[PDB]
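*Asks:* My structure is stored as start19.txt, with compact mmCIF, N, CA and C atoms.
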```txt
# COMPACT_ATOMS: atom_id res chain seq x y z
N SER A 1 130.27 76.86 194.26
CA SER A 1 131.09 77.20 195.41
C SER A 1 130.83 78.61 195.95
N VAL A 2 130.37 79.51 195.09
CA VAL A 2 130.20 80.90 195.50
C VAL A 2 128.76 81.41 195.34
N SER A 3 128.22 81.29 194.13
CA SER A 3 126.97 81.96 193.81
C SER A 3 125.76 81.35 194.49
N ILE A 4 125.64 80.03 194.43
CA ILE A 4 124.49 79.38 195.02
C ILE A 4 124.43 79.55 196.56
N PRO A 5 125.53 79.33 197.29
CA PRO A 5 125.65 79.58 198.71
C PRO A 5 125.19 80.98 199.07
N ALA A 6 125.51 81.96 198.22
CA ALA A 6 125.08 83.32 198.46
C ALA A 6 123.58 83.47 198.32
N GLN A 7 123.01 82.79 197.35
CA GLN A 7 121.57 82.90 197.12
C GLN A 7 120.78 82.31 198.26
N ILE A 8 121.26 81.19 198.78
CA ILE A 8 120.57 80.52 199.87
C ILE A 8 120.71 81.28 201.18
N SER A 9 121.91 81.80 201.46
CA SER A 9 122.12 82.53 202.70
C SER A 9 121.29 83.80 202.74
N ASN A 10 121.06 84.40 201.57
CA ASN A 10 120.23 85.60 201.51
C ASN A 10 118.78 85.25 201.79
N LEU A 11 118.35 84.09 201.31
CA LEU A 11 117.00 83.61 201.58
C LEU A 11 116.80 83.42 203.07
N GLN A 12 117.76 82.78 203.71
CA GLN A 12 117.66 82.51 205.14
C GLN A 12 117.51 83.79 205.93
N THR A 13 118.29 84.80 205.58
CA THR A 13 118.26 86.06 206.29
C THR A 13 116.90 86.74 206.17
N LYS A 14 116.36 86.80 204.96
CA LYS A 14 115.11 87.49 204.72
C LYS A 14 113.94 86.81 205.41
N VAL A 15 113.91 85.49 205.37
CA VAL A 15 112.80 84.76 205.97
C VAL A 15 112.80 84.89 207.49
N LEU A 16 113.97 84.75 208.10
CA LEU A 16 114.06 84.77 209.53
C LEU A 16 113.63 86.11 210.13
N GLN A 17 114.01 87.21 209.49
CA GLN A 17 113.63 88.51 210.01
C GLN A 17 112.16 88.80 209.79
N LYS A 18 111.56 88.22 208.75
CA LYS A 18 110.13 88.39 208.57
C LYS A 18 109.38 87.68 209.68
N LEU A 19 109.91 86.54 210.08
CA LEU A 19 109.33 85.79 211.17
C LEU A 19 109.48 86.54 212.48
N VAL A 20 110.57 87.29 212.62
CA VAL A 20 110.76 88.13 213.80
C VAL A 20 109.69 89.21 213.89
N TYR A 21 109.40 89.85 212.77
CA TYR A 21 108.37 90.88 212.76
C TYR A 21 107.02 90.32 213.15
N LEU A 22 106.72 89.11 212.69
CA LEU A 22 105.45 88.47 213.06
C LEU A 22 105.38 88.22 214.55
N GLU A 23 106.49 87.77 215.13
CA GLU A 23 106.52 87.49 216.56
C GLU A 23 106.20 88.75 217.36
N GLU A 24 106.83 89.86 216.97
CA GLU A 24 106.58 91.16 217.66
C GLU A 24 105.14 91.60 217.39
N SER A 25 104.67 91.44 216.15
CA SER A 25 103.34 91.89 215.78
C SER A 25 102.28 91.20 216.61
N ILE A 26 102.45 89.91 216.82
CA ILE A 26 101.50 89.14 217.63
C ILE A 26 101.48 89.65 219.05
N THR A 27 102.66 89.84 219.63
CA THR A 27 102.76 90.30 221.01
C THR A 27 102.11 91.66 221.20
N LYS A 28 102.36 92.58 220.28
CA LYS A 28 101.83 93.93 220.41
C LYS A 28 100.34 93.99 220.13
N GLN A 29 99.90 93.32 219.07
CA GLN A 29 98.52 93.39 218.63
C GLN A 29 97.57 92.63 219.54
N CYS A 30 98.04 91.53 220.10
CA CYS A 30 97.18 90.63 220.86
C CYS A 30 97.16 90.91 222.37
N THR A 31 97.89 91.95 222.81
CA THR A 31 97.90 92.36 224.21
C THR A 31 96.89 93.52 224.40
N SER B 1 123.61 77.27 186.63
CA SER B 1 123.61 78.68 186.28
C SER B 1 122.21 79.24 186.02
N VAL B 2 121.28 78.38 185.60
CA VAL B 2 119.95 78.86 185.24
C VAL B 2 118.83 78.22 186.06
N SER B 3 118.78 76.90 186.06
CA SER B 3 117.61 76.20 186.60
C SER B 3 117.50 76.29 188.12
N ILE B 4 118.59 76.03 188.81
CA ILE B 4 118.54 76.04 190.26
C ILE B 4 118.22 77.45 190.83
N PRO B 5 118.89 78.52 190.36
CA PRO B 5 118.61 79.89 190.70
C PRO B 5 117.13 80.21 190.53
N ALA B 6 116.51 79.67 189.48
CA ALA B 6 115.09 79.89 189.25
C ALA B 6 114.25 79.21 190.31
N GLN B 7 114.65 78.01 190.71
CA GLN B 7 113.87 77.27 191.68
C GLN B 7 113.90 77.93 193.05
N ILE B 8 115.06 78.46 193.41
CA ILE B 8 115.21 79.11 194.70
C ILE B 8 114.50 80.46 194.74
N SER B 9 114.61 81.23 193.66
CA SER B 9 113.97 82.54 193.63
C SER B 9 112.45 82.41 193.68
N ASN B 10 111.92 81.33 193.12
CA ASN B 10 110.49 81.09 193.18
C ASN B 10 110.05 80.75 194.59
N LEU B 11 110.90 80.00 195.29
CA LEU B 11 110.63 79.68 196.69
C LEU B 11 110.57 80.94 197.53
N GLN B 12 111.54 81.82 197.33
CA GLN B 12 111.60 83.05 198.10
C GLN B 12 110.34 83.88 197.92
N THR B 13 109.88 83.98 196.68
CA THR B 13 108.69 84.76 196.38
C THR B 13 107.45 84.22 197.07
N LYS B 14 107.26 82.91 196.99
CA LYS B 14 106.07 82.29 197.56
C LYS B 14 106.02 82.39 199.07
N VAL B 15 107.16 82.17 199.71
CA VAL B 15 107.20 82.21 201.16
C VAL B 15 106.95 83.62 201.69
N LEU B 16 107.59 84.61 201.08
CA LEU B 16 107.49 85.96 201.57
C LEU B 16 106.06 86.51 201.50
N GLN B 17 105.35 86.20 200.42
CA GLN B 17 103.99 86.68 200.30
C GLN B 17 103.04 85.95 201.23
N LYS B 18 103.35 84.70 201.57
CA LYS B 18 102.52 84.00 202.54
C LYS B 18 102.67 84.64 203.91
N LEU B 19 103.88 85.08 204.20
CA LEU B 19 104.16 85.76 205.44
C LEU B 19 103.45 87.11 205.48
N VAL B 20 103.32 87.74 204.32
CA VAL B 20 102.58 89.00 204.23
C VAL B 20 101.12 88.80 204.58
N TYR B 21 100.52 87.74 204.07
CA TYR B 21 99.12 87.46 204.38
C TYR B 21 98.92 87.23 205.86
N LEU B 22 99.87 86.55 206.49
CA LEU B 22 99.77 86.32 207.93
C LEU B 22 99.83 87.63 208.70
N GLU B 23 100.70 88.53 208.28
CA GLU B 23 100.82 89.81 208.95
C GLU B 23 99.51 90.58 208.91
N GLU B 24 98.88 90.60 207.73
CA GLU B 24 97.57 91.29 207.58
C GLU B 24 96.51 90.54 208.39
N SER B 25 96.53 89.21 208.34
CA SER B 25 95.53 88.41 209.02
C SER B 25 95.54 88.68 210.52
N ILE B 26 96.73 88.78 211.09
CA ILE B 26 96.86 89.07 212.51
C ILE B 26 96.28 90.42 212.84
N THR B 27 96.64 91.42 212.05
CA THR B 27 96.16 92.78 212.30
C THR B 27 94.64 92.87 212.24
N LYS B 28 94.05 92.24 211.23
CA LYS B 28 92.61 92.31 211.05
C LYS B 28 91.85 91.49 212.09
N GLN B 29 92.32 90.27 212.33
CA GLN B 29 91.63 89.34 213.21
C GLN B 29 91.74 89.72 214.68
N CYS B 30 92.88 90.29 215.06
CA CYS B 30 93.18 90.54 216.46
C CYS B 30 92.79 91.94 216.94
N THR B 31 92.20 92.75 216.04
CA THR B 31 91.72 94.09 216.39
C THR B 31 90.21 94.01 216.70
N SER C 1 145.81 90.64 179.28
CA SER C 1 146.87 91.06 178.38
C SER C 1 146.84 92.57 178.19
N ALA C 2 148.01 93.19 178.27
CA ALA C 2 148.10 94.64 178.14
C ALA C 2 148.18 95.06 176.68
N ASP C 3 148.43 94.10 175.80
CA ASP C 3 148.54 94.39 174.38
C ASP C 3 147.25 94.08 173.65
N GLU C 4 146.20 93.78 174.41
CA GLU C 4 144.89 93.51 173.83
C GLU C 4 143.90 94.58 174.22
N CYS C 5 143.04 94.99 173.35
CA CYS C 5 142.03 96.05 173.53
C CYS C 5 140.67 95.58 173.13
N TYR C 6 139.70 95.73 174.06
CA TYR C 6 138.33 95.34 173.77
C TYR C 6 137.50 96.54 173.35
N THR C 7 136.90 96.46 172.17
CA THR C 7 136.14 97.58 171.63
C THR C 7 134.94 97.15 170.80
N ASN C 8 134.20 98.14 170.31
CA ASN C 8 133.07 97.94 169.44
C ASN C 8 132.12 96.87 169.95
N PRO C 9 131.58 97.04 171.16
CA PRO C 9 130.60 96.18 171.78
C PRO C 9 129.26 96.30 171.08
N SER C 10 128.54 95.20 171.03
CA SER C 10 127.17 95.19 170.53
C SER C 10 126.31 94.32 171.42
N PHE C 11 125.26 94.91 171.98
CA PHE C 11 124.47 94.22 173.00
C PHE C 11 122.98 94.36 172.73
N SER C 12 122.25 93.25 172.81
CA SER C 12 120.81 93.26 172.60
C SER C 12 120.10 92.21 173.45
N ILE C 13 118.95 92.59 174.00
CA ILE C 13 118.16 91.68 174.83
C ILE C 13 116.86 91.29 174.15
N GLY C 14 116.57 89.99 174.12
CA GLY C 14 115.36 89.47 173.51
C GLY C 14 114.28 89.26 174.55
N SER C 15 113.77 88.02 174.66
CA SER C 15 112.74 87.70 175.63
C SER C 15 113.35 87.23 176.93
N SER C 16 114.24 86.23 176.85
CA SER C 16 114.98 85.81 178.02
C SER C 16 116.46 85.75 177.73
N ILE C 17 116.82 85.74 176.44
CA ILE C 17 118.21 85.57 176.04
C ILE C 17 118.81 86.90 175.65
N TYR C 18 120.12 87.02 175.76
CA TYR C 18 120.83 88.20 175.28
C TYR C 18 121.94 87.82 174.33
N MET C 19 122.24 88.73 173.41
CA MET C 19 123.39 88.59 172.54
C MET C 19 124.42 89.65 172.83
N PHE C 20 125.67 89.24 172.94
CA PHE C 20 126.76 90.18 173.21
C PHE C 20 127.94 89.90 172.30
N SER C 21 128.48 90.94 171.70
CA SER C 21 129.63 90.78 170.81
C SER C 21 130.70 91.82 171.10
N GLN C 22 131.95 91.40 171.02
CA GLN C 22 133.07 92.31 171.25
C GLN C 22 134.22 92.03 170.29
N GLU C 23 134.92 93.08 169.87
CA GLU C 23 136.11 92.93 169.04
C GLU C 23 137.36 93.07 169.87
N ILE C 24 138.36 92.27 169.56
CA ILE C 24 139.66 92.42 170.19
C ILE C 24 140.69 92.88 169.20
N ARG C 25 141.19 94.08 169.47
CA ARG C 25 142.19 94.67 168.56
C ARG C 25 143.56 94.73 169.24
N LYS C 26 144.58 94.87 168.44
CA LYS C 26 145.93 94.91 168.99
C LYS C 26 146.43 96.33 169.25
N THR C 27 146.52 96.70 170.53
CA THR C 27 147.13 97.94 170.99
C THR C 27 146.35 99.22 170.69
N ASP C 28 146.15 99.51 169.40
CA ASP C 28 145.66 100.81 168.99
C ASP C 28 144.20 101.10 169.40
N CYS C 29 143.36 100.07 169.42
CA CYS C 29 141.95 100.18 169.77
C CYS C 29 141.09 100.81 168.67
N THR C 30 141.73 101.50 167.74
CA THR C 30 140.99 102.16 166.67
C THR C 30 141.35 101.60 165.30
N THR C 31 142.65 101.60 164.98
CA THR C 31 143.11 101.16 163.67
C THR C 31 143.99 99.92 163.73
N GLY C 32 144.03 99.28 164.90
CA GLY C 32 144.90 98.14 165.13
C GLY C 32 144.32 96.87 164.49
N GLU C 33 145.12 95.81 164.49
CA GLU C 33 144.74 94.53 163.91
C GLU C 33 143.59 93.92 164.68
N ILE C 34 142.69 93.22 164.00
CA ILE C 34 141.70 92.42 164.71
C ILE C 34 142.26 91.03 165.01
N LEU C 35 142.34 90.71 166.29
CA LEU C 35 142.89 89.43 166.69
C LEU C 35 141.79 88.41 166.74
N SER C 36 140.61 88.85 167.12
CA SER C 36 139.44 87.99 167.14
C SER C 36 138.15 88.76 167.32
N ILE C 37 137.04 88.12 166.96
CA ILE C 37 135.71 88.63 167.27
C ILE C 37 134.92 87.56 168.02
N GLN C 38 134.37 87.94 169.17
CA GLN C 38 133.75 86.96 170.06
C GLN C 38 132.28 87.26 170.32
N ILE C 39 131.43 86.24 170.15
CA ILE C 39 130.00 86.38 170.41
C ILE C 39 129.54 85.48 171.55
N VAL C 40 128.75 86.05 172.45
CA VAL C 40 128.25 85.33 173.61
C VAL C 40 126.73 85.31 173.65
N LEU C 41 126.17 84.12 173.81
CA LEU C 41 124.73 83.94 174.00
C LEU C 41 124.44 83.46 175.41
N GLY C 42 123.48 84.09 176.07
CA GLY C 42 123.14 83.69 177.44
C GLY C 42 121.78 84.19 177.87
N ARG C 43 121.47 84.04 179.16
CA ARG C 43 120.18 84.45 179.70
C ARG C 43 120.33 85.44 180.83
N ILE C 44 119.27 86.21 181.07
CA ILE C 44 119.20 87.08 182.24
C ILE C 44 118.47 86.38 183.37
N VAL C 45 119.14 86.22 184.50
CA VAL C 45 118.59 85.42 185.59
C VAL C 45 118.65 86.14 186.94
N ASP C 46 117.90 85.62 187.91
CA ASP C 46 117.92 86.12 189.28
C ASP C 46 118.78 85.23 190.18
N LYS C 47 119.91 85.77 190.64
CA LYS C 47 120.85 84.98 191.42
C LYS C 47 120.88 85.39 192.90
N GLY C 48 119.83 86.07 193.35
CA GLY C 48 119.72 86.44 194.75
C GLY C 48 120.44 87.75 195.06
N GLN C 49 120.80 88.48 194.02
CA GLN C 49 121.48 89.75 194.17
C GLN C 49 120.49 90.90 194.08
N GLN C 50 120.98 92.12 194.21
CA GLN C 50 120.11 93.28 194.20
C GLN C 50 119.50 93.53 192.82
N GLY C 51 120.26 93.22 191.77
CA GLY C 51 119.81 93.42 190.41
C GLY C 51 119.90 92.13 189.61
```
What would you get if you wrote out this structure as structure tokens?
*Replies:*
Amino acid sequence: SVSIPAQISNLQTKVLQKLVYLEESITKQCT
Amino acid sequence: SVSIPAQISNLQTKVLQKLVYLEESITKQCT
Amino acid sequence: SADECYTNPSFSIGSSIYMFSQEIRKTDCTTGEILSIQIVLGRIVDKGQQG
């Protein structure tokens, strides 16, 4: 009820922001 | 308490480093 | 419980498992009665926290 939900939500946060950096990196590097 | 936490933490590790390789790949390939 | 005191901890880490022991004394914490001695066996794991 508490611990596992926390572990998964932390995973979601970390992955999504890494994907954000890639999106910006592509735009900046490939222009 | 033990097994599931291990499975998720292993997922996090593998995904994040794959994203790292992509970041380097973009920088090297697109320069 | 306010009349219970936890003292004389003993802690050791092996390869993946840890041993933990604590004494429960009555009130005094030093010379009081021993109500129980408790031993815990478990593992050190990654739960998505900072440590």
*Asks:* Write out chain A, as a JSON list (two decimals) with N, CA and C atoms, keeping the file's coordinate frame, after superposing it onto chain B by least squares using every C-alpha atom paired in order.
*Replies:*
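Just written: out28.json:
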```
[["chain", "number", "residue", "atom", "x", "y", "z"],
["A", 1, "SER", "N", 123.61, 77.27, 186.63],
["A", 1, "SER", "CA", 123.61, 78.68, 186.28],
["A", 1, "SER", "C", 122.21, 79.24, 186.02],
["A", 2, "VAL", "N", 121.28, 78.38, 185.61],
["A", 2, "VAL", "CA", 119.95, 78.86, 185.24],
["A", 2, "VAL", "C", 118.82, 78.22, 186.06],
["A", 3, "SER", "N", 118.77, 76.89, 186.07],
["A", 3, "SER", "CA", 117.61, 76.20, 186.60],
["A", 3, "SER", "C", 117.49, 76.28, 188.11],
["A", 4, "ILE", "N", 118.59, 76.02, 188.81],
["A", 4, "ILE", "CA", 118.54, 76.04, 190.26],
["A", 4, "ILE", "C", 118.23, 77.45, 190.83],
["A", 5, "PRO", "N", 118.89, 78.51, 190.36],
["A", 5, "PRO", "CA", 118.60, 79.89, 190.70],
["A", 5, "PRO", "C", 117.13, 80.21, 190.54],
["A", 6, "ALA", "N", 116.51, 79.67, 189.48],
["A", 6, "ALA", "CA", 115.10, 79.89, 189.26],
["A", 6, "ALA", "C", 114.25, 79.21, 190.31],
["A", 7, "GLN", "N", 114.65, 78.02, 190.70],
["A", 7, "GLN", "CA", 113.87, 77.27, 191.69],
["A", 7, "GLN", "C", 113.90, 77.93, 193.04],
["A", 8, "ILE", "N", 115.06, 78.46, 193.40],
["A", 8, "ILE", "CA", 115.21, 79.11, 194.70],
["A", 8, "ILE", "C", 114.50, 80.45, 194.74],
["A", 9, "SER", "N", 114.61, 81.23, 193.66],
["A", 9, "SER", "CA", 113.96, 82.54, 193.63],
["A", 9, "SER", "C", 112.45, 82.41, 193.69],
["A", 10, "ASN", "N", 111.92, 81.32, 193.12],
["A", 10, "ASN", "CA", 110.48, 81.09, 193.17],
["A", 10, "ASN", "C", 110.06, 80.75, 194.59],
["A", 11, "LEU", "N", 110.90, 80.00, 195.29],
["A", 11, "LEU", "CA", 110.64, 79.67, 196.69],
["A", 11, "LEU", "C", 110.57, 80.94, 197.52],
["A", 12, "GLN", "N", 111.54, 81.81, 197.33],
["A", 12, "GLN", "CA", 111.60, 83.05, 198.10],
["A", 12, "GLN", "C", 110.34, 83.87, 197.91],
["A", 13, "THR", "N", 109.87, 83.97, 196.68],
["A", 13, "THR", "CA", 108.70, 84.76, 196.38],
["A", 13, "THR", "C", 107.46, 84.21, 197.07],
["A", 14, "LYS", "N", 107.25, 82.91, 196.99],
["A", 14, "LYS", "CA", 106.06, 82.29, 197.55],
["A", 14, "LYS", "C", 106.03, 82.39, 199.06],
["A", 15, "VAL", "N", 107.16, 82.18, 199.70],
["A", 15, "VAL", "CA", 107.20, 82.21, 201.16],
["A", 15, "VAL", "C", 106.95, 83.62, 201.70],
["A", 16, "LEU", "N", 107.59, 84.61, 201.09],
["A", 16, "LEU", "CA", 107.49, 85.96, 201.57],
["A", 16, "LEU", "C", 106.06, 86.50, 201.50],
["A", 17, "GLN", "N", 105.35, 86.20, 200.42],
["A", 17, "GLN", "CA", 103.98, 86.68, 200.30],
["A", 17, "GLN", "C", 103.04, 85.95, 201.23],
["A", 18, "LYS", "N", 103.34, 84.70, 201.57],
["A", 18, "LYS", "CA", 102.52, 84.00, 202.54],
["A", 18, "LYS", "C", 102.67, 84.64, 203.90],
["A", 19, "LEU", "N", 103.88, 85.08, 204.19],
["A", 19, "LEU", "CA", 104.16, 85.76, 205.44],
["A", 19, "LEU", "C", 103.46, 87.11, 205.47],
["A", 20, "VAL", "N", 103.32, 87.75, 204.31],
["A", 20, "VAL", "CA", 102.58, 89.00, 204.23],
["A", 20, "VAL", "C", 101.11, 88.80, 204.58],
["A", 21, "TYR", "N", 100.52, 87.74, 204.06],
["A", 21, "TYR", "CA", 99.12, 87.46, 204.38],
["A", 21, "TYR", "C", 98.92, 87.23, 205.86],
["A", 22, "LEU", "N", 99.87, 86.55, 206.49],
["A", 22, "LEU", "CA", 99.77, 86.32, 207.94],
["A", 22, "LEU", "C", 99.82, 87.63, 208.70],
["A", 23, "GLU", "N", 100.70, 88.53, 208.27],
["A", 23, "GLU", "CA", 100.83, 89.82, 208.95],
["A", 23, "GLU", "C", 99.51, 90.58, 208.91],
["A", 24, "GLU", "N", 98.88, 90.60, 207.73],
["A", 24, "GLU", "CA", 97.57, 91.29, 207.57],
["A", 24, "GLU", "C", 96.51, 90.54, 208.39],
["A", 25, "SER", "N", 96.53, 89.21, 208.34],
["A", 25, "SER", "CA", 95.53, 88.41, 209.03],
["A", 25, "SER", "C", 95.54, 88.68, 210.52],
["A", 26, "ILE", "N", 96.72, 88.78, 211.08],
["A", 26, "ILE", "CA", 96.86, 89.06, 212.52],
["A", 26, "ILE", "C", 96.28, 90.42, 212.85],
["A", 27, "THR", "N", 96.64, 91.42, 212.06],
["A", 27, "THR", "CA", 96.16, 92.78, 212.30],
["A", 27, "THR", "C", 94.65, 92.87, 212.23],
["A", 28, "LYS", "N", 94.05, 92.23, 211.23],
["A", 28, "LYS", "CA", 92.61, 92.31, 211.06],
["A", 28, "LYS", "C", 91.86, 91.49, 212.09],
["A", 29, "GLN", "N", 92.32, 90.27, 212.33],
["A", 29, "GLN", "CA", 91.63, 89.34, 213.21],
["A", 29, "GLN", "C", 91.75, 89.72, 214.68],
["A", 30, "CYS", "N", 92.88, 90.28, 215.06],
["A", 30, "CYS", "CA", 93.18, 90.54, 216.46],
["A", 30, "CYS", "C", 92.79, 91.94, 216.94],
["A", 31, "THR", "N", 92.20, 92.75, 216.04],
["A", 31, "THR", "CA", 91.72, 94.09, 216.39],
["A", 31, "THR", "C", 90.21, 94.01, 216.70]]
```
*Asks:* Just list the residues in chain C DSSP gives strand (DSSP E) on the backbone, as JSON, numbers by chain.
*Replies:* {"C": [4, 5, 6, 7, 8, 9, 10, 11, 12, 13, 17, 18, 19, 20, 21, 22, 23, 24, 25, 26, 34, 35, 36, 37, 38, 39, 40, 41, 42, 43]}
*Asks:* Would you output that residue set with N, CA and C atoms, as a PDB file, keeping the file's coordinate frame?
*Replies:*
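Result saved to part10.pdb:
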```
ATOM      1  N   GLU C   4     146.200  93.780 174.410  1.00  0.00           N
ATOM      2  CA  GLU C   4     144.890  93.510 173.830  1.00  0.00           C
ATOM      3  C   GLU C   4     143.900  94.580 174.220  1.00  0.00           C
ATOM      4  N   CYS C   5     143.040  94.990 173.350  1.00  0.00           N
ATOM      5  CA  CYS C   5     142.030  96.050 173.530  1.00  0.00           C
ATOM      6  C   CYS C   5     140.670  95.580 173.130  1.00  0.00           C
ATOM      7  N   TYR C   6     139.700  95.730 174.060  1.00  0.00           N
ATOM      8  CA  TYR C   6     138.330  95.340 173.770  1.00  0.00           C
ATOM      9  C   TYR C   6     137.500  96.540 173.350  1.00  0.00           C
ATOM     10  N   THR C   7     136.900  96.460 172.170  1.00  0.00           N
ATOM     11  CA  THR C   7     136.140  97.580 171.630  1.00  0.00           C
ATOM     12  C   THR C   7     134.940  97.150 170.800  1.00  0.00           C
ATOM     13  N   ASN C   8     134.200  98.140 170.310  1.00  0.00           N
ATOM     14  CA  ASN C   8     133.070  97.940 169.440  1.00  0.00           C
ATOM     15  C   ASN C   8     132.120  96.870 169.950  1.00  0.00           C
ATOM     16  N   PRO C   9     131.580  97.040 171.160  1.00  0.00           N
ATOM     17  CA  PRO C   9     130.600  96.180 171.780  1.00  0.00           C
ATOM     18  C   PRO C   9     129.260  96.300 171.080  1.00  0.00           C
ATOM     19  N   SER C  10     128.540  95.200 171.030  1.00  0.00           N
ATOM     20  CA  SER C  10     127.170  95.190 170.530  1.00  0.00           C
ATOM     21  C   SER C  10     126.310  94.320 171.420  1.00  0.00           C
ATOM     22  N   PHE C  11     125.260  94.910 171.980  1.00  0.00           N
ATOM     23  CA  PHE C  11     124.470  94.220 173.000  1.00  0.00           C
ATOM     24  C   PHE C  11     122.980  94.360 172.730  1.00  0.00           C
ATOM     25  N   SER C  12     122.250  93.250 172.810  1.00  0.00           N
ATOM     26  CA  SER C  12     120.810  93.260 172.600  1.00  0.00           C
ATOM     27  C   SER C  12     120.100  92.210 173.450  1.00  0.00           C
ATOM     28  N   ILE C  13     118.950  92.590 174.000  1.00  0.00           N
ATOM     29  CA  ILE C  13     118.160  91.680 174.830  1.00  0.00           C
ATOM     30  C   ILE C  13     116.860  91.290 174.150  1.00  0.00           C
ATOM     31  N   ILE C  17     116.820  85.740 176.440  1.00  0.00           N
ATOM     32  CA  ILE C  17     118.210  85.570 176.040  1.00  0.00           C
ATOM     33  C   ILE C  17     118.810  86.900 175.650  1.00  0.00           C
ATOM     34  N   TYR C  18     120.120  87.020 175.760  1.00  0.00           N
ATOM     35  CA  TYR C  18     120.830  88.200 175.280  1.00  0.00           C
ATOM     36  C   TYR C  18     121.940  87.820 174.330  1.00  0.00           C
ATOM     37  N   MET C  19     122.240  88.730 173.410  1.00  0.00           N
ATOM     38  CA  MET C  19     123.390  88.590 172.540  1.00  0.00           C
ATOM     39  C   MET C  19     124.420  89.650 172.830  1.00  0.00           C
ATOM     40  N   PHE C  20     125.670  89.240 172.940  1.00  0.00           N
ATOM     41  CA  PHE C  20     126.760  90.180 173.210  1.00  0.00           C
ATOM     42  C   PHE C  20     127.940  89.900 172.300  1.00  0.00           C
ATOM     43  N   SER C  21     128.480  90.940 171.700  1.00  0.00           N
ATOM     44  CA  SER C  21     129.630  90.780 170.810  1.00  0.00           C
ATOM     45  C   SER C  21     130.700  91.820 171.100  1.00  0.00           C
ATOM     46  N   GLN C  22     131.950  91.400 171.020  1.00  0.00           N
ATOM     47  CA  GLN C  22     133.070  92.310 171.250  1.00  0.00           C
ATOM     48  C   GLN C  22     134.220  92.030 170.290  1.00  0.00           C
ATOM     49  N   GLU C  23     134.920  93.080 169.870  1.00  0.00           N
ATOM     50  CA  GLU C  23     136.110  92.930 169.040  1.00  0.00           C
ATOM     51  C   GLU C  23     137.360  93.070 169.870  1.00  0.00           C
ATOM     52  N   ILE C  24     138.360  92.270 169.560  1.00  0.00           N
ATOM     53  CA  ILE C  24     139.660  92.420 170.190  1.00  0.00           C
ATOM     54  C   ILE C  24     140.690  92.880 169.200  1.00  0.00           C
ATOM     55  N   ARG C  25     141.190  94.080 169.470  1.00  0.00           N
ATOM     56  CA  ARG C  25     142.190  94.670 168.560  1.00  0.00           C
ATOM     57  C   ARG C  25     143.560  94.730 169.240  1.00  0.00           C
ATOM     58  N   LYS C  26     144.580  94.870 168.440  1.00  0.00           N
ATOM     59  CA  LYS C  26     145.930  94.910 168.990  1.00  0.00           C
ATOM     60  C   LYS C  26     146.430  96.330 169.250  1.00  0.00           C
ATOM     61  N   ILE C  34     142.690  93.220 164.000  1.00  0.00           N
ATOM     62  CA  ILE C  34     141.700  92.420 164.710  1.00  0.00           C
ATOM     63  C   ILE C  34     142.260  91.030 165.010  1.00  0.00           C
ATOM     64  N   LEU C  35     142.340  90.710 166.290  1.00  0.00           N
ATOM     65  CA  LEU C  35     142.890  89.430 166.690  1.00  0.00           C
ATOM     66  C   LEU C  35     141.790  88.410 166.740  1.00  0.00           C
ATOM     67  N   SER C  36     140.610  88.850 167.120  1.00  0.00           N
ATOM     68  CA  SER C  36     139.440  87.990 167.140  1.00  0.00           C
ATOM     69  C   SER C  36     138.150  88.760 167.320  1.00  0.00           C
ATOM     70  N   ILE C  37     137.040  88.120 166.960  1.00  0.00           N
ATOM     71  CA  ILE C  37     135.710  88.630 167.270  1.00  0.00           C
ATOM     72  C   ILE C  37     134.920  87.560 168.020  1.00  0.00           C
ATOM     73  N   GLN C  38     134.370  87.940 169.170  1.00  0.00           N
ATOM     74  CA  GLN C  38     133.750  86.960 170.060  1.00  0.00           C
ATOM     75  C   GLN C  38     132.280  87.260 170.320  1.00  0.00           C
ATOM     76  N   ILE C  39     131.430  86.240 170.150  1.00  0.00           N
ATOM     77  CA  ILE C  39     130.000  86.380 170.410  1.00  0.00           C
ATOM     78  C   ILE C  39     129.540  85.480 171.550  1.00  0.00           C
ATOM     79  N   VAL C  40     128.750  86.050 172.450  1.00  0.00           N
ATOM     80  CA  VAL C  40     128.250  85.330 173.610  1.00  0.00           C
ATOM     81  C   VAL C  40     126.730  85.310 173.650  1.00  0.00           C
ATOM     82  N   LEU C  41     126.170  84.120 173.810  1.00  0.00           N
ATOM     83  CA  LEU C  41     124.730  83.940 174.000  1.00  0.00           C
ATOM     84  C   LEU C  41     124.440  83.460 175.410  1.00  0.00           C
ATOM     85  N   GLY C  42     123.480  84.090 176.070  1.00  0.00           N
ATOM     86  CA  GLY C  42     123.140  83.690 177.440  1.00  0.00           C
ATOM     87  C   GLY C  42     121.780  84.190 177.870  1.00  0.00           C
ATOM     88  N   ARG C  43     121.470  84.040 179.160  1.00  0.00           N
ATOM     89  CA  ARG C  43     120.180  84.450 179.700  1.00  0.00           C
ATOM     90  C   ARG C  43     120.330  85.440 180.830  1.00  0.00           C
TER      91      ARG C  43
END
```
*Asks:* Quick one: residues within 8 Å of region 6-8 of chain B, only N, CA and C atoms counted, chain neighbours fewer than 3 positions away excluded, as a PyMOL selection string?
*Replies:* (chain A and resi 7-8+11) or (chain B and resi 1-3+11-14) or (chain C and resi 45-48)
*Asks:* Tell me, in Å to one decimal, how far CA of residue 26 (chain B) is from CA of residue 10 (chain B).
*Replies:*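 Separating CA of residue 26 (chain B) from CA of residue 10 (chain B) is a distance of 25.0 Å.
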*Asks:* To one decimal place in Å, what is the distance between CA of residue 19 (chain C) and CA of residue 5 (chain B)?
*Replies:* 20.7 Å
*Asks:* List the spatial neighbours of residue 5 (chain C) as a PyMOL selection string - criterion: any atom at most 7 Å away, only N, CA and C atoms, same-chain residues fewer than 3 positions off excluded.
*Replies:* chain C and resi 1-2+23-29
*Asks:* Please identify every residue of chain B that has at least one atom no farther than 8 Å from an atom of chain A, counting all atoms listed in the file, and for each give the shortest atom pair and the distance in Å to one decimal, arranged by chain then increasing number, as a Markdown table.
*Replies:*
```
| residue | atom | partner | partner_atom | distance |
| --- | --- | --- | --- | --- |
| B:4 | C | A:4 | CA | 7.8 |
| B:5 | CA | A:4 | CA | 7.3 |
| B:8 | CA | A:7 | C | 7.3 |
| B:9 | N | A:7 | C | 7.8 |
| B:12 | CA | A:11 | CA | 6.4 |
| B:15 | C | A:15 | CA | 7.3 |
| B:16 | CA | A:15 | CA | 7.0 |
| B:19 | CA | A:18 | C | 7.0 |
| B:22 | C | A:22 | CA | 7.2 |
| B:23 | CA | A:22 | CA | 6.3 |
| B:26 | C | A:29 | CA | 6.9 |
| B:27 | CA | A:29 | CA | 6.8 |
| B:30 | C | A:29 | C | 5.5 |
| B:31 | N | A:29 | C | 6.4 |
```
